[PDB]
Structure formats: C-alpha cells, structure tokens
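Here is the structure we will look at, set down as structure tokens.
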Amino acid sequence: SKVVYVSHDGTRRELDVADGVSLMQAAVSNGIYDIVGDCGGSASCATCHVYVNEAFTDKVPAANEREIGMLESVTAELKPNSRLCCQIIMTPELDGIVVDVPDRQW
Amino acid sequence: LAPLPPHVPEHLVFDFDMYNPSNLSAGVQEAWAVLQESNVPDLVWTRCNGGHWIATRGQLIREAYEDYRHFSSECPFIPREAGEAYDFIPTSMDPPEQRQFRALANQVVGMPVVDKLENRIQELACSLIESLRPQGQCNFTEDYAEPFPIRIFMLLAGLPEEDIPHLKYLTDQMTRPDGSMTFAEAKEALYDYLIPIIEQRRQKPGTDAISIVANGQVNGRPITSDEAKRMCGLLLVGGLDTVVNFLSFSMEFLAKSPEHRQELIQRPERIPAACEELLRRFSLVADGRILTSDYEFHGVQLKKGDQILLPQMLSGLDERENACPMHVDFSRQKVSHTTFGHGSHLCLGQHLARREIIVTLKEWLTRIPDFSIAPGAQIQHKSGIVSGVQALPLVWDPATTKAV
Ligand code: HEM
Ligand SMILES: CC1(C)[C@@H]2CC[C@@]1(C)C(=O)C2
Ligand code: FES
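For the protein sequence lines, the chains are G and C, in the order given.
With full-length UniProt numbering applied, the first sequence corresponds to residues 2 to 107, in that order.
With full-length UniProt numbering applied, the second sequence corresponds to residues 12 to 415, in that order.
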C-alpha cells in the first residue's frame, strides 16, 4: 500500500509498504529522513515521531498506554495528530496515508 | 556457594553458574537452556557468584526489562562487586535521565555511521576472506571473527590497530574474566587509556567517534570529560566483544550444517532473515538489574538490593516463545528474541552488528560456499556476560572456492 513521508524541508517520499509492516520499519529500511526508531519499535522511545495527516487519523487504531507516555517527551511540537509511527501497522485500508516527519527526534 | 538468604525459600534454589555452567560441553546455549527444563521454576535463586535470581522464561525477562522502576540498571553485572563498579553511560542509568545519552551514542554507532562505513566494511570482509580462500583452512576466531569487526571499530574510533591486543584483553576481563583482573581494575585500565585521548580530541576535535562523543551535547548542553569517558568505555567493549563472538557461533553452525549453507547459496536474499534466526538460536548476552525495593514478582518475594540476572539469550530459546527453539529454521514465521536487549536500553549498535553479520555470510558463501569443522576437532565454548567460542578451525577444498 502507498505511504507518503513529508520531511521538515518539505521533501516528499512515497513507498509501497506491505501489510504487517510498521511505518517506522518502512522509513528506516528506506533511508527516510530524521526517523531513528532507536528502541526498535517497542514504544520505549520517541525518535519515530510523525504527524499523521488529519484525513487518516480515524483510520488508525489509537495509541496505547505506552505510546501516550512516550509522546509526552517528543522533542518536536506535540500535535493532536502526533504518533510514534512504529505503532502504526500498515494495512490496505491506510493506502495513501501521509505523515509529516519533524526534523528533531532525539 | 554463598549462604542462602532467609527471604529466599529452599524450593527456588538452582545453583547455575553463568561463568562456568555444568553442561558447557554440550554448547553454552544448551548449558543455559537447562534452566528451562520441566522441573525448573520460572524464577530461581543460585548461590553461585555471590547469590542472585535468574528469570528463566521470556515472559519474566521481558516484563523485568520493561519495568525499570522495580528493576534498576544501576547494578547490571553479577559478582555483586562488578555491578557496583559498572558506570558506562546509556546503561548504568534509569530512563528520565538515561535517554539524553542515547542520541549522542547513536551519532557514532547508529545507522548514520553504518552508512559512512558501508564501503570499508564490505572491502575488509572481501579482503580478509579472499586472503584465506586459497589456504583451504583457517582459525576463524583469530583470522576473521576478531579482526573484521575490531578493525572496523578501531577505524571508526580513530585508534591505531597496534592497541587491539591491549584493549581486547581488558574488555574480555569484564565479560569473561580469567581471574587476573577484577571488573573494576579492567574498567579503570580502559579509562586510563581513554582519558588522555579524550582531552586531546576535545582540544583538536576531529571526525572519529571519540571526538564526536567528547565534543557532543546531551539535550542542548555540552557533555563532561567524565561522561564522555564512561560512554567511550562502553563503545569499546561493544565494538570488541559482541559481533566478534556471534560470528563464530554462526559460522560453527553453517560448517556443521551443509543444508543451511545450500539454502543461503541458492537464495542469498534470505541471508538477512537467516541472520535474525541465528541471532535467536545463538543469542549470547546475559546481564541484569537490581531490585529498588521489596516486590512480589510472579509469586516470589524479591528484597531491595537483590540482583536478578535477566539473560537475553533465554527469551528466544524459550519453547513458549518459539516452538522447537533449538532447531534453526530460516523460514520461521515469528522469530521472537531479546538478543539485542529489551525496554529502553535496546542495543544502539544492532544496525552495525546486523550489517557486519549479513556482509560476512554473503561474502563468505560467495567465495567459500563449502567448508566444515577440521576433522577430529571438538568446538569448546565459554560463558560469562557475553558467551563466545574458544577456537573454530575450518577446512575446505580450495578447488571448490572462487575469487570474485
Ligand atoms: C551481536 C551483537 C550485539 C549484541 C547481541 C548486543 C547486545 C546488547 C544488549 C543485550 C544490550 C542491552 C543491555 C542492558 O539492557 O543491560 C546492548 C546495549 C548496547 N549495545 Fe549492543 N550488542 C551487540 C553489538 C553492539 C555493538 C557492535 C555496539 C557498538 C558499540 C553496541 C553498543 C551498545 C550500546 C551503546 C548499548 C547501550 C544502550 C543503553 O544502555 O541505552 N552493541 N547491546
Ligand atoms: C551487555 C552488553 C553486551 C551491552 C553492551 C556491551 C555490554 C557488555 C555492556 O556492558 C552493555
Ligand atoms: S521506535 Fe521507539 S517508540 Fe517507535
């Protein structure tokens, strides 16, 4: 399914992610900008922070207790559509989802 | 054996020695797996090495590494004295604070440095293997497992290769001590080597990893010479005693299984899936935490100050996590393991490790597709914070190899 990553400078990158893959693994595996994914995707860090496009936020299953806690420490501005992309598993219902990546993760 | 403490019940005692397990001759992963036999409880107490708890199942090991409020990383090694002397810097800390040091360490061993070293890692792997190809034999631990990943780290840290046998000795006393040095003496000797190099690189900062850590910032402020020394010490041990040991466990298995060698030669794009399955079957790290207060965990009462060894190698070997855990299946659908750690201390150099493992398997099978253990040789392993292989003599017909 298609997933678009817009960077801080305004660059756009489109990937074809299969089902079961988290947006963090797809971004790190394709050298996408700024996303680090240091903890490995276990919601124990905040370097995979992204802003899900307002039109897809209700198509993704909300953050759990661990992600809400880690989102309280993101270095970039915290928006109401902010999510640790390692928690978003790709499905064909999210085809075309767009997420903006903040240039500050650490 | 240390005298059983009065809050530990007699029925939870299992004297397992992590530096010299009783079944080490059958394989160190097999030696640690005796803790998972039907008759052993999920959490036991061993009177060996001063006395400490051991979580034997993945559920308990993952849960303890997630809860840093009860299990602290302040004292993580197991002669109660090595854990107290341990003070490297994204590990001896609990995470409000520990988090700011992980970003600086990521700058020197994370993906951004793997991309800077991509060409040199591929060139050294091909050069070391092509030089061995026509010999038809080699001592894998000294001819490749040590020089490949240690020379790349010395290049990444800007240190001269002539210092490898002094550093490799200090790092090995902190994981598998032979008795000549305590953990504190080896750690202070490693700091003694880094102190004058960190001050020189703070005056003239260059491009190597020690210059970046010594002149780096943590959450907007500049790191102190002491913090840089405690972080550089951890990078040296991780660069000289982790992939070096895992490469030998993996090559020993491939040498003893020609069906697995054929699977990767026929389909080389399965090597990074095979690398993960080998990381699970041949996991080799086992440190732990200390209780911050009295706490009942899975029906057992732990006391403040108690040390509990949460061995990362046991989670992937647990049958409750993977069926037929001792069998290596490159196609295993769910390869679950904590080989690179679990919780907020996840390995920061796992990307450099995966790259060195995958480049070694692909470039070795391309030049030397068929090889076996030297005839008559019985491979011996060693245990400690990081397990390893004492020696791995391999042989092959140089008429079946091919120069690229
Ligand atoms: C097969 C190779 C490797 C294995 C199995 C491995 C395993 C581990 C484990 C289990 C931990 C967590 C320890 C704890 O929670 O107490 C860890 C942490 C760490 N490793 Fe790796 N490691 C490997 C390679 C490397 C390399 C090559 C480096 C480069 C220096 C490295 C650097 C680190 C660092 C800096 C940490 C600390 C993270 C923190 O405490 O926040 N490791 N490693
Ligand atoms: C347990 C480890 C492998 C992890 C990195 C090196 C090591 C020995 C440490 O002291 C932390
Ligand atoms: S990669 Fe750590 S929280 Fe997403």
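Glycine included, every Cβ here is placed at the ideal spot set by N, Cα and C.
Closer than 8 Å to chain C by CB, residue i
{"i": "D96/G", "result": "no"}
{"i": "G70/G", "result": "no"}
{"i": "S30/G", "result": "no"}
{"i": "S45/G", "result": "yes"}
beta-carbon residue i near ligand 3 non-hydrogen atom, thresh 7 Å
{"i": "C49/G", "result": "yes"}
{"i": "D39/G", "result": "yes"}
{"i": "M25/G", "result": "yes"}
{"i": "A64/G", "result": "no"}
{"i": "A44/G", "result": "yes"}
{"i": "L359/C", "result": "no"}
{"i": "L313/C", "result": "no"}
{"i": "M71/G", "result": "yes"}
{"i": "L275/C", "result": "no"}
{"i": "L85/G", "result": "yes"}
Limits of the alpha helix (DSSP H) - the one that residue i falls within
{"i": "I319/C", "result": "It is not in any alpha helix (DSSP H) - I319/C instead sits in the beta strand (DSSP E) that spans 318-321."}
{"i": "residue 417/C", "result": "This structure leaves residue 417/C out entirely; chain C is present only between 12 and 415."}
{"i": "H63/C", "result": "First-last for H63/C: 63-66, but that is the beta strand (DSSP E), not the alpha helix (DSSP H)."}
{"i": "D35/G", "result": "Element bounds for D35/G: n/a, residue is neither H nor E."}
{"i": "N117/C", "result": "110-120"}
{"i": "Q133/C", "result": "129-143"}
{"i": "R91/C", "result": "91-96"}
{"i": "residue 6/C", "result": "As displayed, chain C neither begins before 12 nor continues past 415, which places residue 6/C out of reach and without an answer."}
{"i": "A168/C", "result": "158-168"}
{"i": "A42/C", "result": "39-44"}
Cβ of residue i within 8 Å of any chain G Cβ
{"i": "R343/C", "result": "no"}
{"i": "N130/C", "result": "no"}
{"i": "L321/C", "result": "no"}
{"i": "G354/C", "result": "yes"}
Proximity test, residue i beta-carbon vs ligand 1 heavy atom, cut-off 7 Å
{"i": "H356/C", "result": "yes"}
{"i": "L178/C", "result": "no"}
{"i": "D219/C", "result": "no"}
{"i": "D298/C", "result": "yes"}
{"i": "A285/C", "result": "no"}
{"i": "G352/C", "result": "yes"}
{"i": "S84/C", "result": "yes"}
{"i": "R113/C", "result": "yes"}
{"i": "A136/C", "result": "no"}
{"i": "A96/C", "result": "no"}
{"i": "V4/G", "result": "no"}
{"i": "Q118/C", "result": "no"}
heavy atom of ligand 2 below 7 Å from residue i C-beta
{"i": "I396/C", "result": "yes"}
{"i": "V248/C", "result": "yes"}
{"i": "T253/C", "result": "yes"}
{"i": "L245/C", "result": "yes"}
{"i": "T411/C", "result": "no"}
{"i": "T349/C", "result": "no"}
Cβ-heavy atom distance, residue i to ligand 5, below 7 Å
{"i": "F99/C", "result": "Summarising the ligand content, the structure contains ligand 1, ligand 2 and ligand 3 and does not contain ligand 5."}
Limits of the beta strand (DSSP E) - the one that residue i falls within
{"i": "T182/C", "result": "No beta strand (DSSP E) holds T182/C; the alpha helix (DSSP H) holding it covers 175-186."}
{"i": "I301/C", "result": "298-302"}
{"i": "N150/C", "result": "148-150"}
{"i": "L313/C", "result": "311-313"}
{"i": "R278/C", "result": "Element bounds for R278/C: n/a, residue is neither H nor E."}
{"i": "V55/C", "result": "54-57"}
{"i": "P404/C", "result": "404-406"}
{"i": "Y306/C", "result": "306-308"}
Residues that residue i contacts on chain G, provided the C-beta gap is smaller than 9 Å
{"i": "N60/C", "result": "Here the premise fails: no neighbours, minimum Cβ distance about 29 Å."}
Contacts of residue i in chain C (Cβ-Cβ under 9 Å)
{"i": "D39/G", "result": "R113, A114, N117, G121, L357, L359"}
**Request:** At 4 residues or longer, and completely inside the segment 182-260 of chain C: list those alpha helix (DSSP H) runs for me, N to C.
**Result:** The qualifying runs are 194-214, 220-225, 236-251.
**Request:** Any chance you could list the alpha helix (DSSP H) runs of at least 4 consecutive residues sitting entirely within the UniProt domain "2Fe-2S ferredoxin-type" (2-106) of chain G, in chain order?
**Result:** Whole alpha helix (DSSP H) segments, 4+ residues: 24-30, 66-72.
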